[PDB]
Amino acid sequence: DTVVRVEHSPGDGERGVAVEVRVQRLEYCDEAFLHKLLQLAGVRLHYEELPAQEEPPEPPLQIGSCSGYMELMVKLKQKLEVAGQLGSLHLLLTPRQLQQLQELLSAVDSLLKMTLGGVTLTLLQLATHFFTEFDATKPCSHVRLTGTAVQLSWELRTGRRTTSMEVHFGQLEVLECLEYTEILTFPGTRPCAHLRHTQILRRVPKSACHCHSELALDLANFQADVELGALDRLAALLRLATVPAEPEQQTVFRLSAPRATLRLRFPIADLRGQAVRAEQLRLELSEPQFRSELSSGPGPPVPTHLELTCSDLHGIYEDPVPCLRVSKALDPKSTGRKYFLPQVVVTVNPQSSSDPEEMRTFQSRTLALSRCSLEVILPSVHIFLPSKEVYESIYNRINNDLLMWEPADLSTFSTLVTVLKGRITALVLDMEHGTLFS
């Protein structure tokens, strides 16, 4: 007999979401490792409980039916680890403030879990219904965190829930509006896609929902980010919810690897063929890099950094063929054993914030004022592919598509270069201790 003995129960019904553990469209066949084989399919975050007095006239589209059997129901009360057939649900409502506050209020132990298939979450900030269907299995506006073979280990150290989560697979995040113009990350295997510590939303780590989410993903394999339409289409969707169309946390995002295939494309957005700047630019199979540091609030009062490091990365840039094909920096400098390497630093400051000595100080002052940036420290790169032309190709690309890339961020910016040895391939480079400014 399909004993239906479950419904909405007492719970902290959030402002934006209704706390109602509903087992809908499921034969709840229940027949200290106490197992009651069940079907919790149908848990729905219909949500919209705050707007328009629950918005009863228009219930939110984000709803889940048959969201995972979870039949095994491993373990019982005592580290309440559960081996399940349901991965997770997706709060398609704003995953910055409302969903974060709901999660923080609900969490207010060290339980673990082991899901199956990595539901295709579509938190946008019936797609969430697709996420629920994928939990049953577990162009744009297609933000998807779907580890096909979910190796999620929800550490969930609630002891102020200093939670954690280590996975062996990765998502595919086409992050877009509410032309293949978004990122296309395809990390997949554990080292190949070592997704780690995705969310905290707990007052213990930080004191949005006080995340302090050190998502220091440390992978060491291909994990190709095949396409990346823009860096900016990334600051807007992170500070604001999202303002694209068809067209107190401190997010410390660290990433170190010997090898991680990657594509970097500039940001030329209408709000602030393809983008003009750096046509066909690829930091191919370079070091993983692209480590960021962001914040939920728009116009970050603290500055935003974006670092990079690489020993001899074979980044085919502006590819015909790279104008510079390897960092090639064997430049020991200090008294101790040192090996200098390249870096591409970025330092963005909020909009409307607040010659050995002449040329240096003038552009230092110009660097203290930021509406965009760019920075390079190449010790001995000096490189160029055998197919390259400093006379022609560099002129045709890195001088035309250089500053006309919608330079503005929240067009007073700066630029530096520094080389201890240079080679202008094709011819008298003669370069030692040289720079370039703008």
# chains A, B, ... in the order shown; residues from 1 in each chain; ligands from 1
$ residues_around --residues "residue A:186" --least-positions-apart "6" --cutoff "7 Å" --atoms "only C-alpha atoms" --output "list in words"
residues 170, 171, 172, 223, 224 and 225 of chain A
$ residues_around --residues "residue A:194" --least-positions-apart "4" --cutoff "8 Å" --atoms "only C-alpha atoms" --output "list in words"
residues 166, 167, 168, 169, 170, 190, 217, 218 and 219 of chain A
$ write_last_selection --atoms "N, CA, C and O atoms" --output "PDB file, in the first residue's frame"
ATOM      1  N   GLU A 166      33.453  18.871  -0.720  1.00  0.00           N
ATOM      2  CA  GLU A 166      34.516  18.479  -1.642  1.00  0.00           C
ATOM      3  C   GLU A 166      33.911  17.545  -2.685  1.00  0.00           C
ATOM      4  O   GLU A 166      33.305  16.526  -2.336  1.00  0.00           O
ATOM      5  N   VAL A 167      34.081  17.890  -3.959  1.00  0.00           N
ATOM      6  CA  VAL A 167      33.528  17.124  -5.067  1.00  0.00           C
ATOM      7  C   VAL A 167      34.672  16.700  -5.978  1.00  0.00           C
ATOM      8  O   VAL A 167      35.779  17.248  -5.915  1.00  0.00           O
ATOM      9  N   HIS A 168      34.406  15.706  -6.826  1.00  0.00           N
ATOM     10  CA  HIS A 168      35.377  15.230  -7.801  1.00  0.00           C
ATOM     11  C   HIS A 168      34.967  15.553  -9.232  1.00  0.00           C
ATOM     12  O   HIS A 168      35.577  15.038 -10.174  1.00  0.00           O
ATOM     13  N   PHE A 169      33.952  16.395  -9.413  1.00  0.00           N
ATOM     14  CA  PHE A 169      33.448  16.766 -10.727  1.00  0.00           C
ATOM     15  C   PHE A 169      33.159  18.263 -10.731  1.00  0.00           C
ATOM     16  O   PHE A 169      33.264  18.941  -9.707  1.00  0.00           O
ATOM     17  N   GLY A 170      32.791  18.782 -11.901  1.00  0.00           N
ATOM     18  CA  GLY A 170      32.576  20.203 -12.052  1.00  0.00           C
ATOM     19  C   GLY A 170      31.337  20.490 -12.873  1.00  0.00           C
ATOM     20  O   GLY A 170      30.790  19.621 -13.555  1.00  0.00           O
ATOM     21  N   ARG A 190      39.621  12.830  -9.401  1.00  0.00           N
ATOM     22  CA  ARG A 190      39.075  13.946  -8.638  1.00  0.00           C
ATOM     23  C   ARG A 190      39.822  15.240  -8.940  1.00  0.00           C
ATOM     24  O   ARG A 190      39.225  16.316  -8.959  1.00  0.00           O
ATOM     25  N   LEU A 217      39.295  26.336  -5.438  1.00  0.00           N
ATOM     26  CA  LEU A 217      39.330  25.133  -6.264  1.00  0.00           C
ATOM     27  C   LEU A 217      40.759  24.927  -6.737  1.00  0.00           C
ATOM     28  O   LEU A 217      41.325  25.771  -7.438  1.00  0.00           O
ATOM     29  N   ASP A 218      41.361  23.808  -6.342  1.00  0.00           N
ATOM     30  CA  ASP A 218      42.732  23.485  -6.727  1.00  0.00           C
ATOM     31  C   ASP A 218      42.702  22.211  -7.565  1.00  0.00           C
ATOM     32  O   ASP A 218      42.913  21.104  -7.069  1.00  0.00           O
ATOM     33  N   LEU A 219      42.445  22.385  -8.860  1.00  0.00           N
ATOM     34  CA  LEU A 219      42.502  21.312  -9.839  1.00  0.00           C
ATOM     35  C   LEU A 219      43.899  21.266 -10.442  1.00  0.00           C
ATOM     36  O   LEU A 219      44.721  22.149 -10.192  1.00  0.00           O
TER      37      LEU A 219
END
$ residues_around --residues "stretch 241-257 of chain A" --least-positions-apart "4" --cutoff "8 Å" --atoms "only C-alpha atoms" --output "PyMOL selection string"
chain A and resi 94+96+125+140+176-178+206-221+233+236-237+287-296
$ write_last_selection --atoms "N, CA, C and O atoms" --output "tab-separated table (two decimals), in the first residue's frame"
chain	number	residue	atom	x	y	z
A	94	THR	N	16.46	34.68	-6.49
A	94	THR	CA	17.79	35.27	-6.46
A	94	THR	C	18.75	34.51	-5.54
A	94	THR	O	18.52	34.41	-4.32
A	96	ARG	N	21.62	35.31	-4.60
A	96	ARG	CA	22.51	36.22	-3.90
A	96	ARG	C	21.98	36.60	-2.53
A	96	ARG	O	22.72	36.52	-1.54
A	125	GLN	N	20.12	34.58	-11.23
A	125	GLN	CA	20.33	35.84	-10.54
A	125	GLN	C	21.72	36.39	-10.86
A	125	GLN	O	22.53	36.61	-9.96
A	140	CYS	N	21.01	31.37	-23.48
A	140	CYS	CA	21.32	32.26	-22.38
A	140	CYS	C	20.39	31.93	-21.22
A	140	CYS	O	19.47	31.12	-21.36
A	176	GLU	N	24.44	33.96	-17.76
A	176	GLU	CA	23.90	34.86	-18.76
A	176	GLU	C	22.71	35.61	-18.16
A	176	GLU	O	22.56	35.67	-16.94
A	177	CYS	N	21.88	36.19	-19.03
A	177	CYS	CA	20.79	37.06	-18.64
A	177	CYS	C	19.80	36.36	-17.72
A	177	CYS	O	19.86	35.14	-17.50
A	178	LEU	N	18.89	37.14	-17.15
A	178	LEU	CA	17.83	36.62	-16.30
A	178	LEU	C	16.84	35.78	-17.10
A	178	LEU	O	16.94	35.68	-18.33
A	206	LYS	N	32.10	34.16	7.88
A	206	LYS	CA	32.11	35.61	7.75
A	206	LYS	C	31.13	36.23	8.74
A	206	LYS	O	30.04	35.68	8.97
A	207	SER	N	31.51	37.37	9.29
A	207	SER	CA	30.65	38.09	10.23
A	207	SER	C	31.10	39.54	10.38
A	207	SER	O	32.29	39.84	10.33
A	208	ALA	N	26.25	39.41	1.22
A	208	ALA	CA	25.05	38.59	1.13
A	208	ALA	C	24.70	37.99	2.49
A	208	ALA	O	24.28	38.70	3.40
A	209	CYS	N	24.86	36.67	2.61
A	209	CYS	CA	24.60	35.95	3.84
A	209	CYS	C	25.88	35.62	4.60
A	209	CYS	O	25.96	34.56	5.24
A	210	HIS	N	26.89	36.49	4.52
A	210	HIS	CA	28.15	36.33	5.25
A	210	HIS	C	28.83	35.01	4.90
A	210	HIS	O	29.07	34.16	5.76
A	211	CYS	N	29.14	34.84	3.62
A	211	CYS	CA	29.67	33.57	3.15
A	211	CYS	C	31.11	33.36	3.60
A	211	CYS	O	31.41	32.38	4.30
A	212	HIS	N	32.01	34.27	3.23
A	212	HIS	CA	33.46	34.03	3.31
A	212	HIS	C	33.86	32.78	2.54
A	212	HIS	O	34.76	32.05	2.95
A	213	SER	N	33.18	32.54	1.43
A	213	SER	CA	33.31	31.27	0.71
A	213	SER	C	34.66	31.22	0.00
A	213	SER	O	34.79	31.71	-1.13
A	214	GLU	N	35.65	30.62	0.66
A	214	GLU	CA	36.94	30.36	0.03
A	214	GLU	C	36.78	29.17	-0.90
A	214	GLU	O	37.11	28.04	-0.56
A	215	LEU	N	36.25	29.44	-2.09
A	215	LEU	CA	36.12	28.42	-3.14
A	215	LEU	C	37.46	28.27	-3.85
A	215	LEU	O	37.60	28.45	-5.06
A	216	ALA	N	38.48	27.96	-3.05
A	216	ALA	CA	39.83	27.75	-3.57
A	216	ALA	C	39.91	26.39	-4.26
A	216	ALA	O	40.48	25.42	-3.76
A	217	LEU	N	39.29	26.34	-5.44
A	217	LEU	CA	39.33	25.13	-6.26
A	217	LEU	C	40.76	24.93	-6.74
A	217	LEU	O	41.33	25.77	-7.44
A	218	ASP	N	41.36	23.81	-6.34
A	218	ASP	CA	42.73	23.49	-6.73
A	218	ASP	C	42.70	22.21	-7.56
A	218	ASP	O	42.91	21.10	-7.07
A	219	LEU	N	42.45	22.39	-8.86
A	219	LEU	CA	42.50	21.31	-9.84
A	219	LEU	C	43.90	21.27	-10.44
A	219	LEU	O	44.72	22.15	-10.19
A	220	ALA	N	44.19	20.21	-11.21
A	220	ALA	CA	45.50	20.05	-11.81
A	220	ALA	C	45.44	19.43	-13.20
A	220	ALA	O	46.42	18.87	-13.69
A	221	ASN	N	44.29	19.52	-13.88
A	221	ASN	CA	44.13	18.86	-15.17
A	221	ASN	C	43.50	19.81	-16.17
A	221	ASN	O	43.33	21.01	-15.91
A	233	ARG	N	30.84	40.77	-18.15
A	233	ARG	CA	29.56	40.10	-18.04
A	233	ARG	C	29.66	39.20	-16.84
A	233	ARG	O	28.79	38.38	-16.59
A	236	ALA	N	29.09	42.23	-13.40
A	236	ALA	CA	27.70	42.68	-13.26
A	236	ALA	C	26.83	41.59	-12.64
A	236	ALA	O	26.10	41.85	-11.68
A	237	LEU	N	26.90	40.37	-13.18
A	237	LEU	CA	26.10	39.27	-12.66
A	237	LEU	C	26.49	38.87	-11.25
A	237	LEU	O	25.73	38.14	-10.60
A	287	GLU	N	48.98	27.85	-17.11
A	287	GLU	CA	48.65	27.54	-15.73
A	287	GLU	C	47.19	27.90	-15.47
A	287	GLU	O	46.64	28.78	-16.15
A	288	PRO	N	46.53	27.24	-14.52
A	288	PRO	CA	45.09	27.49	-14.34
A	288	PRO	C	44.75	28.94	-14.10
A	288	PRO	O	43.93	29.50	-14.84
A	289	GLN	N	45.35	29.57	-13.09
A	289	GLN	CA	45.21	31.01	-12.91
A	289	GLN	C	43.79	31.53	-12.76
A	289	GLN	O	42.95	30.86	-12.15
A	290	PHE	N	43.52	32.70	-13.33
A	290	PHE	CA	42.18	33.30	-13.34
A	290	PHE	C	41.52	33.16	-11.95
A	290	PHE	O	40.42	32.65	-11.75
A	291	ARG	N	42.31	33.58	-10.96
A	291	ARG	CA	41.90	33.51	-9.56
A	291	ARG	C	41.38	34.91	-9.32
A	291	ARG	O	41.99	35.90	-9.75
A	292	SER	N	40.24	35.01	-8.65
A	292	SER	CA	39.53	36.27	-8.51
A	292	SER	C	39.27	36.56	-7.03
A	292	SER	O	39.60	35.76	-6.15
A	293	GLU	N	38.69	37.73	-6.78
A	293	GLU	CA	38.28	38.12	-5.44
A	293	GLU	C	37.17	39.15	-5.59
A	293	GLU	O	37.44	40.29	-6.00
A	294	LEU	N	35.94	38.77	-5.26
A	294	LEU	CA	34.79	39.62	-5.54
A	294	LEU	C	33.95	39.87	-4.29
A	294	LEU	O	34.33	39.47	-3.18
A	295	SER	N	32.80	40.51	-4.47
A	295	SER	CA	31.90	40.81	-3.36
A	295	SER	C	30.49	40.92	-3.90
A	295	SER	O	30.28	41.19	-5.09
A	296	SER	N	29.51	40.68	-3.02
A	296	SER	CA	28.12	40.65	-3.45
A	296	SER	C	27.61	42.04	-3.81
A	296	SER	O	26.89	42.21	-4.80
$ select_by_dssp --residues "stretch 27-184 of chain A" --states "strand (DSSP E or B)" --output "JSON, numbers by chain"
{"A": [82, 83, 110, 113, 114, 121, 142, 145, 153, 154, 157, 165, 166, 174]}
$ residues_around --residues "residue A:26" --least-positions-apart "4" --cutoff "10 Å" --atoms "only C-alpha atoms" --output "ChimeraX atom specification"
/A:2-4,22,38-42,65-69
$ closest_residue --among "A:328, A:226, A:399, A:362" --to "residue A:278" --atoms "only C-alpha atoms"
A:399
